[PDB]
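Raw contents of my_file35.pdb, PDB, C-alpha atoms and all ligand atoms:
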```pdb
ATOM      1  CA  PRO K   1     -17.887 -12.691 -12.096  1.00  0.00           C
ATOM      2  CA  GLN K   2     -15.788 -10.419  -9.904  1.00  0.00           C
ATOM      3  CA  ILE K   3     -13.001 -12.283  -8.111  1.00  0.00           C
ATOM      4  CA  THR K   4     -11.108 -11.120  -5.046  1.00  0.00           C
ATOM      5  CA  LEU K   5      -7.485 -12.230  -4.645  1.00  0.00           C
ATOM      6  CA  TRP K   6      -7.416 -13.484  -1.030  1.00  0.00           C
ATOM      7  CA  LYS K   7      -7.296 -16.995  -2.536  1.00  0.00           C
ATOM      8  CA  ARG K   8      -5.788 -18.215  -5.807  1.00  0.00           C
ATOM      9  CA  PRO K   9      -8.131 -17.241  -8.700  1.00  0.00           C
ATOM     10  CA  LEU K  10      -8.914 -20.805  -9.794  1.00  0.00           C
ATOM     11  CA  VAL K  11     -11.672 -21.373 -12.337  1.00  0.00           C
ATOM     12  CA  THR K  12     -13.136 -24.493 -13.911  1.00  0.00           C
ATOM     13  CA  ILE K  13     -12.245 -25.008 -17.569  1.00  0.00           C
ATOM     14  CA  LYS K  14     -13.451 -27.415 -20.258  1.00  0.00           C
ATOM     15  CA  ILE K  15     -10.880 -28.357 -22.886  1.00  0.00           C
ATOM     16  CA  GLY K  16     -10.821 -31.361 -25.188  1.00  0.00           C
ATOM     17  CA  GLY K  17     -13.844 -32.812 -23.439  1.00  0.00           C
ATOM     18  CA  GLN K  18     -11.952 -32.730 -20.150  1.00  0.00           C
ATOM     19  CA  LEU K  19     -12.673 -30.740 -16.999  1.00  0.00           C
ATOM     20  CA  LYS K  20      -9.793 -29.035 -15.187  1.00  0.00           C
ATOM     21  CA  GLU K  21      -9.018 -26.287 -12.720  1.00  0.00           C
ATOM     22  CA  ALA K  22      -6.865 -23.391 -13.897  1.00  0.00           C
ATOM     23  CA  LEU K  23      -5.391 -20.222 -12.425  1.00  0.00           C
ATOM     24  CA  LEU K  24      -6.478 -16.937 -14.027  1.00  0.00           C
ATOM     25  CA  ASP K  25      -3.003 -15.470 -14.443  1.00  0.00           C
ATOM     26  CA  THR K  26      -2.414 -11.875 -15.508  1.00  0.00           C
ATOM     27  CA  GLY K  27       1.321 -12.521 -15.271  1.00  0.00           C
ATOM     28  CA  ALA K  28       1.240 -15.103 -18.072  1.00  0.00           C
ATOM     29  CA  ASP K  29       1.281 -13.871 -21.668  1.00  0.00           C
ATOM     30  CA  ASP K  30      -0.043 -17.227 -23.009  1.00  0.00           C
ATOM     31  CA  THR K  31      -1.888 -20.262 -21.700  1.00  0.00           C
ATOM     32  CA  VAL K  32       0.061 -23.228 -20.317  1.00  0.00           C
ATOM     33  CA  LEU K  33      -1.621 -26.491 -19.359  1.00  0.00           C
ATOM     34  CA  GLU K  34      -0.257 -29.596 -17.667  1.00  0.00           C
ATOM     35  CA  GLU K  35       0.359 -32.526 -19.996  1.00  0.00           C
ATOM     36  CA  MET K  36      -2.734 -33.697 -21.867  1.00  0.00           C
ATOM     37  CA  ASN K  37      -3.600 -35.235 -25.234  1.00  0.00           C
ATOM     38  CA  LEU K  38      -4.882 -32.216 -27.161  1.00  0.00           C
ATOM     39  CA  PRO K  39      -5.977 -32.983 -30.741  1.00  0.00           C
ATOM     40  CA  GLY K  40      -4.308 -31.032 -33.532  1.00  0.00           C
ATOM     41  CA  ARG K  41      -0.984 -30.200 -35.168  1.00  0.00           C
ATOM     42  CA  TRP K  42       1.703 -28.738 -32.920  1.00  0.00           C
ATOM     43  CA  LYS K  43       5.141 -27.098 -33.087  1.00  0.00           C
ATOM     44  CA  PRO K  44       7.861 -27.357 -30.404  1.00  0.00           C
ATOM     45  CA  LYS K  45       8.519 -24.314 -28.239  1.00  0.00           C
ATOM     46  CA  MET K  46      10.387 -23.306 -25.084  1.00  0.00           C
ATOM     47  CA  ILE K  47       9.018 -21.021 -22.369  1.00  0.00           C
ATOM     48  CA  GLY K  48      10.670 -19.563 -19.300  1.00  0.00           C
ATOM     49  CA  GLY K  49       9.553 -18.415 -15.880  1.00  0.00           C
ATOM     50  CA  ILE K  50      10.882 -18.379 -12.358  1.00  0.00           C
ATOM     51  CA  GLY K  51      13.479 -21.118 -12.016  1.00  0.00           C
ATOM     52  CA  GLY K  52      14.225 -21.494 -15.703  1.00  0.00           C
ATOM     53  CA  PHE K  53      12.572 -23.026 -18.734  1.00  0.00           C
ATOM     54  CA  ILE K  54      10.336 -25.934 -19.731  1.00  0.00           C
ATOM     55  CA  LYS K  55       9.669 -27.529 -23.115  1.00  0.00           C
ATOM     56  CA  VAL K  56       6.063 -27.357 -24.323  1.00  0.00           C
ATOM     57  CA  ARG K  57       3.984 -28.417 -27.330  1.00  0.00           C
ATOM     58  CA  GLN K  58       2.443 -25.363 -28.980  1.00  0.00           C
ATOM     59  CA  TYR K  59      -1.174 -25.871 -30.111  1.00  0.00           C
ATOM     60  CA  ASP K  60      -3.084 -23.239 -32.086  1.00  0.00           C
ATOM     61  CA  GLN K  61      -6.832 -22.608 -32.370  1.00  0.00           C
ATOM     62  CA  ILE K  62      -7.777 -24.694 -29.325  1.00  0.00           C
ATOM     63  CA  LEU K  63     -11.255 -24.271 -27.861  1.00  0.00           C
ATOM     64  CA  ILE K  64     -11.424 -23.767 -24.091  1.00  0.00           C
ATOM     65  CA  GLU K  65     -14.505 -22.910 -22.047  1.00  0.00           C
ATOM     66  CA  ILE K  66     -13.252 -20.758 -19.158  1.00  0.00           C
ATOM     67  CA  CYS K  67     -15.796 -20.485 -16.333  1.00  0.00           C
ATOM     68  CA  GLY K  68     -18.454 -20.957 -18.988  1.00  0.00           C
ATOM     69  CA  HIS K  69     -16.952 -18.349 -21.357  1.00  0.00           C
ATOM     70  CA  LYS K  70     -15.687 -19.717 -24.677  1.00  0.00           C
ATOM     71  CA  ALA K  71     -12.367 -18.712 -26.192  1.00  0.00           C
ATOM     72  CA  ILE K  72     -10.146 -20.047 -28.984  1.00  0.00           C
ATOM     73  CA  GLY K  73      -6.416 -19.510 -29.171  1.00  0.00           C
ATOM     74  CA  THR K  74      -2.934 -20.880 -28.741  1.00  0.00           C
ATOM     75  CA  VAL K  75      -2.550 -23.401 -25.910  1.00  0.00           C
ATOM     76  CA  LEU K  76       0.846 -24.602 -24.681  1.00  0.00           C
ATOM     77  CA  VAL K  77       0.979 -28.126 -23.241  1.00  0.00           C
ATOM     78  CA  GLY K  78       3.891 -29.223 -21.092  1.00  0.00           C
ATOM     79  CA  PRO K  79       5.336 -29.762 -17.609  1.00  0.00           C
ATOM     80  CA  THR K  80       3.850 -26.772 -15.853  1.00  0.00           C
ATOM     81  CA  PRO K  81       3.123 -27.225 -12.126  1.00  0.00           C
ATOM     82  CA  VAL K  82      -0.346 -25.733 -12.669  1.00  0.00           C
ATOM     83  CA  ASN K  83      -2.821 -24.999 -15.438  1.00  0.00           C
ATOM     84  CA  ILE K  84      -2.411 -21.341 -16.375  1.00  0.00           C
ATOM     85  CA  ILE K  85      -4.868 -19.179 -18.297  1.00  0.00           C
ATOM     86  CA  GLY K  86      -2.818 -16.440 -19.938  1.00  0.00           C
ATOM     87  CA  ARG K  87      -3.655 -13.046 -21.369  1.00  0.00           C
ATOM     88  CA  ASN K  88      -4.132 -14.465 -24.871  1.00  0.00           C
ATOM     89  CA  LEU K  89      -7.332 -16.069 -23.554  1.00  0.00           C
ATOM     90  CA  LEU K  90      -8.188 -13.679 -20.696  1.00  0.00           C
ATOM     91  CA  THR K  91      -8.773 -10.942 -23.284  1.00  0.00           C
ATOM     92  CA  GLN K  92     -11.365 -13.091 -25.079  1.00  0.00           C
ATOM     93  CA  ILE K  93     -13.538 -13.549 -21.979  1.00  0.00           C
ATOM     94  CA  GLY K  94     -13.322  -9.853 -21.195  1.00  0.00           C
ATOM     95  CA  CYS K  95     -11.233 -10.168 -18.053  1.00  0.00           C
ATOM     96  CA  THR K  96      -9.955  -6.954 -16.482  1.00  0.00           C
ATOM     97  CA  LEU K  97      -8.015  -6.006 -13.394  1.00  0.00           C
ATOM     98  CA  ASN K  98      -9.722  -3.512 -11.088  1.00  0.00           C
ATOM     99  CA  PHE K  99      -8.528  -1.358  -8.206  1.00  0.00           C
TER     100      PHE K  99
ATOM    101  CA  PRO D   1      -8.289   2.208 -12.591  1.00  0.00           C
ATOM    102  CA  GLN D   2      -9.602  -0.694 -14.690  1.00  0.00           C
ATOM    103  CA  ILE D   3      -6.866  -2.470 -16.661  1.00  0.00           C
ATOM    104  CA  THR D   4      -7.387  -4.513 -19.809  1.00  0.00           C
ATOM    105  CA  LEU D   5      -4.958  -7.330 -20.567  1.00  0.00           C
ATOM    106  CA  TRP D   6      -4.148  -6.728 -24.227  1.00  0.00           C
ATOM    107  CA  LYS D   7      -0.742  -5.616 -22.915  1.00  0.00           C
ATOM    108  CA  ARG D   8       1.160  -6.715 -19.845  1.00  0.00           C
ATOM    109  CA  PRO D   9      -0.410  -5.067 -16.714  1.00  0.00           C
ATOM    110  CA  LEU D  10       2.743  -3.167 -15.803  1.00  0.00           C
ATOM    111  CA  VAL D  11       2.564  -0.509 -13.097  1.00  0.00           C
ATOM    112  CA  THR D  12       5.021   1.909 -11.521  1.00  0.00           C
ATOM    113  CA  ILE D  13       5.932   1.177  -7.894  1.00  0.00           C
ATOM    114  CA  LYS D  14       7.994   3.092  -5.366  1.00  0.00           C
ATOM    115  CA  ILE D  15       9.982   0.996  -2.887  1.00  0.00           C
ATOM    116  CA  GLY D  16      12.986   1.986  -0.801  1.00  0.00           C
ATOM    117  CA  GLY D  17      13.008   5.398  -2.456  1.00  0.00           C
ATOM    118  CA  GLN D  18      13.524   3.665  -5.824  1.00  0.00           C
ATOM    119  CA  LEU D  19      11.164   3.698  -8.790  1.00  0.00           C
ATOM    120  CA  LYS D  20      10.480   0.466 -10.641  1.00  0.00           C
ATOM    121  CA  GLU D  21       7.922  -1.115 -12.899  1.00  0.00           C
ATOM    122  CA  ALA D  22       6.288  -4.369 -11.792  1.00  0.00           C
ATOM    123  CA  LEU D  23       3.747  -6.758 -13.267  1.00  0.00           C
ATOM    124  CA  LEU D  24       0.378  -7.060 -11.573  1.00  0.00           C
ATOM    125  CA  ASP D  25       0.334 -10.855 -11.360  1.00  0.00           C
ATOM    126  CA  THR D  26      -2.771 -12.619 -10.048  1.00  0.00           C
ATOM    127  CA  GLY D  27      -0.974 -15.935 -10.551  1.00  0.00           C
ATOM    128  CA  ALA D  28       1.689 -15.095  -7.971  1.00  0.00           C
ATOM    129  CA  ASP D  29       0.978 -15.685  -4.315  1.00  0.00           C
ATOM    130  CA  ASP D  30       3.933 -13.529  -3.378  1.00  0.00           C
ATOM    131  CA  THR D  31       5.723 -10.369  -4.519  1.00  0.00           C
ATOM    132  CA  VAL D  32       9.152 -10.978  -6.064  1.00  0.00           C
ATOM    133  CA  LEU D  33      11.446  -8.191  -7.256  1.00  0.00           C
ATOM    134  CA  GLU D  34      14.517  -8.263  -9.474  1.00  0.00           C
ATOM    135  CA  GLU D  35      17.809  -7.740  -7.687  1.00  0.00           C
ATOM    136  CA  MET D  36      17.761  -4.474  -5.715  1.00  0.00           C
ATOM    137  CA  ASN D  37      19.260  -2.912  -2.595  1.00  0.00           C
ATOM    138  CA  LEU D  38      16.676  -3.127   0.203  1.00  0.00           C
ATOM    139  CA  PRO D  39      17.580  -1.895   3.713  1.00  0.00           C
ATOM    140  CA  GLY D  40      17.057  -4.318   6.552  1.00  0.00           C
ATOM    141  CA  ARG D  41      17.546  -7.846   7.770  1.00  0.00           C
ATOM    142  CA  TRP D  42      16.390 -10.625   5.451  1.00  0.00           C
ATOM    143  CA  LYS D  43      15.913 -14.363   5.636  1.00  0.00           C
ATOM    144  CA  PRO D  44      16.969 -16.896   2.987  1.00  0.00           C
ATOM    145  CA  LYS D  45      14.148 -18.675   1.207  1.00  0.00           C
ATOM    146  CA  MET D  46      13.405 -20.783  -1.855  1.00  0.00           C
ATOM    147  CA  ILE D  47      10.474 -20.215  -4.219  1.00  0.00           C
ATOM    148  CA  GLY D  48       9.367 -22.271  -7.202  1.00  0.00           C
ATOM    149  CA  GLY D  49       7.959 -21.477 -10.619  1.00  0.00           C
ATOM    150  CA  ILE D  50       7.576 -22.950 -14.070  1.00  0.00           C
ATOM    151  CA  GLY D  51      11.274 -23.714 -14.533  1.00  0.00           C
ATOM    152  CA  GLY D  52      12.108 -24.824 -11.015  1.00  0.00           C
ATOM    153  CA  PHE D  53      13.246 -22.849  -7.970  1.00  0.00           C
ATOM    154  CA  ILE D  54      15.307 -19.798  -7.082  1.00  0.00           C
ATOM    155  CA  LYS D  55      16.899 -18.588  -3.856  1.00  0.00           C
ATOM    156  CA  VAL D  56      15.549 -15.205  -2.757  1.00  0.00           C
ATOM    157  CA  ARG D  57      16.122 -12.796   0.102  1.00  0.00           C
ATOM    158  CA  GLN D  58      12.929 -12.345   2.122  1.00  0.00           C
ATOM    159  CA  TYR D  59      12.192  -8.845   3.449  1.00  0.00           C
ATOM    160  CA  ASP D  60       9.198  -8.415   5.759  1.00  0.00           C
ATOM    161  CA  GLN D  61       7.083  -5.357   6.520  1.00  0.00           C
ATOM    162  CA  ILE D  62       8.231  -3.524   3.403  1.00  0.00           C
ATOM    163  CA  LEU D  63       6.324  -0.478   2.184  1.00  0.00           C
ATOM    164  CA  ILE D  64       5.445  -0.335  -1.502  1.00  0.00           C
ATOM    165  CA  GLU D  65       3.388   2.374  -3.223  1.00  0.00           C
ATOM    166  CA  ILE D  66       1.852   0.558  -6.210  1.00  0.00           C
ATOM    167  CA  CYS D  67       0.359   2.972  -8.747  1.00  0.00           C
ATOM    168  CA  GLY D  68      -0.255   5.446  -5.928  1.00  0.00           C
ATOM    169  CA  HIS D  69      -1.663   2.873  -3.505  1.00  0.00           C
ATOM    170  CA  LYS D  70       0.329   2.137  -0.381  1.00  0.00           C
ATOM    171  CA  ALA D  71       0.829  -1.411   0.931  1.00  0.00           C
ATOM    172  CA  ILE D  72       3.142  -3.020   3.482  1.00  0.00           C
ATOM    173  CA  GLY D  73       4.115  -6.669   3.295  1.00  0.00           C
ATOM    174  CA  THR D  74       6.703  -9.275   2.433  1.00  0.00           C
ATOM    175  CA  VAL D  75       8.870  -8.634  -0.626  1.00  0.00           C
ATOM    176  CA  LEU D  76      11.146 -11.356  -2.012  1.00  0.00           C
ATOM    177  CA  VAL D  77      14.307 -10.237  -3.823  1.00  0.00           C
ATOM    178  CA  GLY D  78      16.080 -12.579  -6.209  1.00  0.00           C
ATOM    179  CA  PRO D  79      16.754 -13.789  -9.763  1.00  0.00           C
ATOM    180  CA  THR D  80      13.248 -13.356 -11.131  1.00  0.00           C
ATOM    181  CA  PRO D  81      12.941 -12.681 -14.880  1.00  0.00           C
ATOM    182  CA  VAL D  82      10.465  -9.847 -14.186  1.00  0.00           C
ATOM    183  CA  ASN D  83       9.254  -7.799 -11.230  1.00  0.00           C
ATOM    184  CA  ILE D  84       5.941  -9.270 -10.048  1.00  0.00           C
ATOM    185  CA  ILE D  85       3.385  -7.889  -7.588  1.00  0.00           C
ATOM    186  CA  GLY D  86       1.654 -10.882  -6.012  1.00  0.00           C
ATOM    187  CA  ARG D  87      -1.623 -11.496  -4.249  1.00  0.00           C
ATOM    188  CA  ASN D  88      -0.146 -10.758  -0.814  1.00  0.00           C
ATOM    189  CA  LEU D  89      -0.008  -7.102  -1.891  1.00  0.00           C
ATOM    190  CA  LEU D  90      -2.749  -7.026  -4.530  1.00  0.00           C
ATOM    191  CA  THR D  91      -5.334  -7.742  -1.831  1.00  0.00           C
ATOM    192  CA  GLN D  92      -4.103  -4.706   0.104  1.00  0.00           C
ATOM    193  CA  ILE D  93      -4.736  -2.263  -2.746  1.00  0.00           C
ATOM    194  CA  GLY D  94      -8.156  -3.732  -3.531  1.00  0.00           C
ATOM    195  CA  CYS D  95      -7.289  -5.416  -6.813  1.00  0.00           C
ATOM    196  CA  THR D  96      -9.963  -7.650  -8.346  1.00  0.00           C
ATOM    197  CA  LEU D  97     -10.451  -9.705 -11.505  1.00  0.00           C
ATOM    198  CA  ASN D  98     -13.664  -9.061 -13.414  1.00  0.00           C
ATOM    199  CA  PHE D  99     -15.230 -10.855 -16.367  1.00  0.00           C
TER     200      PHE D  99
HETATM  201  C1  LIG N   1       7.755 -14.290 -12.863  1.00  0.00           C
HETATM  202  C2  LIG N   1       7.091 -15.299 -13.811  1.00  0.00           C
HETATM  203  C3  LIG N   1       6.088 -14.666 -14.799  1.00  0.00           C
HETATM  204  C4  LIG N   1       6.646 -13.456 -15.604  1.00  0.00           C
HETATM  205  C5  LIG N   1       8.054 -13.646 -16.168  1.00  0.00           C
HETATM  206  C6  LIG N   1       5.497 -15.718 -15.767  1.00  0.00           C
HETATM  207  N1  LIG N   1       4.695 -16.807 -15.145  1.00  0.00           N
HETATM  208  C7  LIG N   1       3.320 -16.519 -14.712  1.00  0.00           C
HETATM  209  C8  LIG N   1       3.279 -16.304 -13.199  1.00  0.00           C
HETATM  210  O1  LIG N   1       2.029 -15.756 -12.907  1.00  0.00           O
HETATM  211  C9  LIG N   1       3.573 -17.604 -12.449  1.00  0.00           C
HETATM  212  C10 LIG N   1       2.387 -18.577 -12.471  1.00  0.00           C
HETATM  213  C11 LIG N   1       2.663 -19.866 -11.732  1.00  0.00           C
HETATM  214  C12 LIG N   1       1.915 -20.215 -10.592  1.00  0.00           C
HETATM  215  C13 LIG N   1       2.190 -21.406  -9.931  1.00  0.00           C
HETATM  216  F1  LIG N   1       1.455 -21.715  -8.846  1.00  0.00           F
HETATM  217  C14 LIG N   1       3.186 -22.284 -10.346  1.00  0.00           C
HETATM  218  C15 LIG N   1       3.914 -21.922 -11.474  1.00  0.00           C
HETATM  219  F2  LIG N   1       4.886 -22.768 -11.889  1.00  0.00           F
HETATM  220  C16 LIG N   1       3.676 -20.737 -12.169  1.00  0.00           C
HETATM  221  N2  LIG N   1       3.845 -17.274 -11.052  1.00  0.00           N
HETATM  222  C17 LIG N   1       5.043 -17.469 -10.456  1.00  0.00           C
HETATM  223  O2  LIG N   1       6.028 -17.982 -10.918  1.00  0.00           O
HETATM  224  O3  LIG N   1       4.938 -16.973  -9.208  1.00  0.00           O
HETATM  225  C18 LIG N   1       5.965 -17.350  -8.279  1.00  0.00           C
HETATM  226  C19 LIG N   1       5.941 -16.190  -7.299  1.00  0.00           C
HETATM  227  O4  LIG N   1       4.871 -16.516  -6.434  1.00  0.00           O
HETATM  228  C20 LIG N   1       4.762 -17.944  -6.281  1.00  0.00           C
HETATM  229  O5  LIG N   1       3.438 -18.403  -6.365  1.00  0.00           O
HETATM  230  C21 LIG N   1       3.215 -19.026  -7.646  1.00  0.00           C
HETATM  231  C22 LIG N   1       4.579 -19.651  -7.948  1.00  0.00           C
HETATM  232  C23 LIG N   1       5.570 -18.572  -7.433  1.00  0.00           C
HETATM  233  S1  LIG N   1       4.997 -18.370 -15.647  1.00  0.00           S
HETATM  234  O6  LIG N   1       3.911 -19.213 -15.104  1.00  0.00           O
HETATM  235  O7  LIG N   1       6.417 -18.638 -15.480  1.00  0.00           O
HETATM  236  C24 LIG N   1       4.700 -18.290 -17.426  1.00  0.00           C
HETATM  237  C25 LIG N   1       3.405 -18.332 -17.970  1.00  0.00           C
HETATM  238  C26 LIG N   1       3.276 -18.276 -19.348  1.00  0.00           C
HETATM  239  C27 LIG N   1       4.401 -18.189 -20.199  1.00  0.00           C
HETATM  240  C28 LIG N   1       4.061 -18.144 -21.710  1.00  0.00           C
HETATM  241  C29 LIG N   1       3.018 -19.165 -22.174  1.00  0.00           C
HETATM  242  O8  LIG N   1       3.832 -16.771 -21.957  1.00  0.00           O
HETATM  243  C30 LIG N   1       5.689 -18.127 -19.605  1.00  0.00           C
HETATM  244  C31 LIG N   1       5.837 -18.182 -18.224  1.00  0.00           C
END
```

Kindly present the structure from the file in structure tokens form.
Amino acid sequence: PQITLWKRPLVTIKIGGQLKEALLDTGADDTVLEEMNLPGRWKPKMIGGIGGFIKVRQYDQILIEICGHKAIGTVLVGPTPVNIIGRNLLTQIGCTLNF
Amino acid sequence: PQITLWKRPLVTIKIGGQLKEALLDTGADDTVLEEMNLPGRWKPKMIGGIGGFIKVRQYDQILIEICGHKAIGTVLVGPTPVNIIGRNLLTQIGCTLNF
């Protein structure tokens, strides 16, 4: 799909058997999801944005189905206000910006 | 132009006679620029992100030429880690997401 930007670019995702809504975010290098129990081994990490930093659990090789398009990669889990699909996964589903 | 996301979608903007680079950010509702000298009256405002909130100076009806495309709209100036072009201006230059 082609998505205009008059509204937030929210898509439906499937991760860990759970269904969520997530913002397709070209301003995010990596994917950040609100707290969830994601199976696997994880390493602590810190990430920063507007307003400061949050502590997240770094998970590698996580399967996510983004708008029906499958991708595997690093997924950060922590206290983000919103689920964010970052460029690490946008590249796998072939997402481009167009103007 | 069509832009892949293997690298940050950074573009050159011209605002207030000054040249800057700014991130095309579909996850940002609003445009927020690193500290800069913008002529005009401005209103105090607070905006939130991953780490919390920052105080910014709000400038309305500001002209920006983003990658050679002209847009006029609100520009927030404050302690952002990176210059971000948000949806309020991306819609004006016809930016879309495509996958
Ligand atoms: C400038 C910040 C940006 C470049 C440094 C990085 N960020 C992405 C932005 O797209 C962000 C998305 C966002 C949307 C929300 F609705 C809520 C929220 F908390 C975050 N937008 C944002 O802060 O926008 C501001 C301005 O507009 C407003 O609307 C939206 C909120 C307000 S990040 O998320 O911090 C982030 C993502 C990933 C990493 C690692 C994994 O790489 C680090 C950091």

As a list in words, could you give me every residue of chain K near chain D (at most 6 Å apart, counting only C-alpha atoms)? residues 1, 2, 3, 4, 5, 25, 26, 27, 49, 50, 51, 52, 53, 54, 80, 87, 91, 94, 95, 96, 97, 98 and 99 of chain K

Least-squares fit on all C-alpha atoms, paired in order: put chain D onto chain K and return it as a CSV table (one decimal) with C-alpha atoms, in the coordinates of the input.
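As a result, result_4.csv now contains:
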```
chain,number,residue,atom,x,y,z
D,1,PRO,CA,-18.2,-12.5,-11.8
D,2,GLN,CA,-15.9,-10.4,-9.7
D,3,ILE,CA,-13.1,-12.4,-8.1
D,4,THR,CA,-11.2,-11.4,-5.0
D,5,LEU,CA,-7.6,-12.6,-4.5
D,6,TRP,CA,-7.6,-13.9,-0.9
D,7,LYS,CA,-7.5,-17.3,-2.5
D,8,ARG,CA,-6.0,-18.5,-5.8
D,9,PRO,CA,-8.3,-17.4,-8.7
D,10,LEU,CA,-8.9,-20.9,-9.8
D,11,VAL,CA,-11.7,-21.6,-12.4
D,12,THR,CA,-13.1,-24.6,-14.2
D,13,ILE,CA,-12.3,-24.9,-17.9
D,14,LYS,CA,-13.5,-27.4,-20.5
D,15,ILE,CA,-11.0,-28.2,-23.2
D,16,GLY,CA,-10.9,-31.2,-25.6
D,17,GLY,CA,-14.0,-32.6,-23.8
D,18,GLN,CA,-12.0,-32.7,-20.6
D,19,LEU,CA,-12.7,-30.8,-17.4
D,20,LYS,CA,-9.8,-29.1,-15.6
D,21,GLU,CA,-9.1,-26.3,-13.1
D,22,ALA,CA,-6.8,-23.5,-14.2
D,23,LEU,CA,-5.4,-20.3,-12.6
D,24,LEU,CA,-6.5,-17.0,-14.0
D,25,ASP,CA,-3.0,-15.5,-14.3
D,26,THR,CA,-2.6,-11.9,-15.4
D,27,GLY,CA,1.2,-12.4,-15.1
D,28,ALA,CA,1.2,-14.9,-17.9
D,29,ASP,CA,1.3,-13.8,-21.5
D,30,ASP,CA,0.3,-17.3,-22.7
D,31,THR,CA,-1.9,-20.2,-21.6
D,32,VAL,CA,0.0,-23.2,-20.4
D,33,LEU,CA,-1.6,-26.5,-19.3
D,34,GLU,CA,-0.3,-29.5,-17.4
D,35,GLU,CA,0.3,-32.6,-19.5
D,36,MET,CA,-2.9,-33.6,-21.3
D,37,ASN,CA,-4.0,-35.3,-24.5
D,38,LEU,CA,-4.9,-32.7,-27.1
D,39,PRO,CA,-5.9,-33.7,-30.6
D,40,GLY,CA,-4.1,-32.1,-33.5
D,41,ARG,CA,-0.7,-31.2,-34.8
D,42,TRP,CA,1.6,-29.2,-32.5
D,43,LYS,CA,4.9,-27.4,-32.8
D,44,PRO,CA,7.8,-27.6,-30.3
D,45,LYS,CA,8.5,-24.5,-28.3
D,46,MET,CA,10.4,-23.2,-25.3
D,47,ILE,CA,9.0,-20.9,-22.6
D,48,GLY,CA,10.7,-19.3,-19.6
D,49,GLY,CA,9.6,-18.6,-16.1
D,50,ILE,CA,11.1,-17.9,-12.7
D,51,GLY,CA,13.2,-21.1,-12.6
D,52,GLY,CA,14.3,-21.2,-16.2
D,53,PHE,CA,12.7,-22.8,-19.3
D,54,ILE,CA,10.5,-25.7,-20.2
D,55,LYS,CA,9.8,-27.4,-23.5
D,56,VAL,CA,6.1,-27.3,-24.4
D,57,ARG,CA,3.9,-28.6,-27.2
D,58,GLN,CA,2.2,-25.6,-28.9
D,59,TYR,CA,-1.4,-26.1,-30.1
D,60,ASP,CA,-3.1,-23.4,-32.1
D,61,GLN,CA,-6.8,-22.5,-32.5
D,62,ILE,CA,-7.8,-24.5,-29.5
D,63,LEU,CA,-11.3,-23.9,-28.0
D,64,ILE,CA,-11.5,-23.4,-24.2
D,65,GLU,CA,-14.7,-22.7,-22.2
D,66,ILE,CA,-13.3,-20.8,-19.2
D,67,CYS,CA,-16.0,-20.5,-16.4
D,68,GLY,CA,-18.7,-20.6,-19.1
D,69,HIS,CA,-17.0,-18.2,-21.5
D,70,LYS,CA,-15.7,-19.5,-24.8
D,71,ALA,CA,-12.4,-18.6,-26.3
D,72,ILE,CA,-10.2,-19.9,-29.1
D,73,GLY,CA,-6.4,-19.5,-29.1
D,74,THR,CA,-3.0,-21.0,-28.6
D,75,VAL,CA,-2.6,-23.5,-25.7
D,76,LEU,CA,0.9,-24.6,-24.6
D,77,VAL,CA,1.1,-28.1,-23.1
D,78,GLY,CA,4.1,-29.1,-20.9
D,79,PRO,CA,5.7,-29.5,-17.5
D,80,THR,CA,4.1,-26.5,-15.8
D,81,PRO,CA,3.6,-26.8,-12.0
D,82,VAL,CA,0.0,-25.5,-12.4
D,83,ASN,CA,-2.5,-24.9,-15.2
D,84,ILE,CA,-2.5,-21.2,-16.1
D,85,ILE,CA,-4.9,-19.2,-18.2
D,86,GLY,CA,-2.8,-16.3,-19.7
D,87,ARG,CA,-3.6,-12.9,-21.2
D,88,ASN,CA,-3.9,-14.3,-24.7
D,89,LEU,CA,-7.2,-15.9,-23.6
D,90,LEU,CA,-8.1,-13.6,-20.7
D,91,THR,CA,-8.6,-10.7,-23.2
D,92,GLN,CA,-11.1,-12.9,-25.1
D,93,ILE,CA,-13.4,-13.4,-22.1
D,94,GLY,CA,-13.2,-9.7,-21.1
D,95,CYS,CA,-11.1,-10.2,-17.9
D,96,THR,CA,-9.9,-7.0,-16.2
D,97,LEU,CA,-8.0,-6.0,-13.1
D,98,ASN,CA,-9.7,-3.4,-10.9
D,99,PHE,CA,-8.4,-1.5,-7.9
```

List every protein, DNA or RNA residue with an atom no more than 7 Å from (13.8, -12.3, 1.6) in the file's coordinates, counting all atoms listed in the file, and format the result as a list in words.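 The residues near that point, listed by chain and number, are residues 42, 43, 44, 45, 56, 57, 58, 59, 75, 76 and 77 of chain D.
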
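Going from atom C31 of ligand LIG 1 (chain N) to atom CA of residue 38 of chain K covers 19.8 Å.
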
Residue 64 of chain K surroundings by all atoms listed in the file, 8 Å radius, close-in-sequence under 6 positions cut, as an MDAnalysis selection string: chainID K and resid 13:16 70:72

Taking all atoms listed in the file into account, which of K:61, K:12, K:37, K:31 comes nearest ligand LIG 1 (chain N)?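 When distances to ligand LIG 1 (chain N) are compared using all atoms listed in the file, the smallest one comes from K:31.
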
Have a look at K:35, K:65, K:46, K:30 and name the one nearest to ligand LIG 1 (chain N); count all atoms listed in the file. K:30

Box for ligand LIG 1 (chain N): with edges along x, y and z, all listed atoms inside and 6 Å added on each side, what are the centre and edge lengths in Å to one decimal, as JSON?
```
{"center_x": 4.8, "center_y": -18.1, "center_z": -14.2, "size_x": 18.6, "size_y": 21.3, "size_z": 27.9}
```

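For the atom pair formed by atom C4 of ligand LIG 1 (chain N) and atom CA of residue 39 of chain D, the distance is 25.0 Å, given to one decimal.
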
Selected residue, from K:74, K:66, K:60, K:21, that lies nearest to ligand LIG 1 (chain N) when counting all atoms listed in the file: K:74

For the atom pair atom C22 of ligand LIG 1 (chain N) and atom CA of residue 83 of chain K, what is the interatomic distance in Å to one decimal place? 11.8 Å

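Comparing D:33, D:62, D:19, D:11 by their smallest distance to ligand LIG 1 (chain N), the closest is D:33 (using only C-alpha atoms and all ligand atoms).
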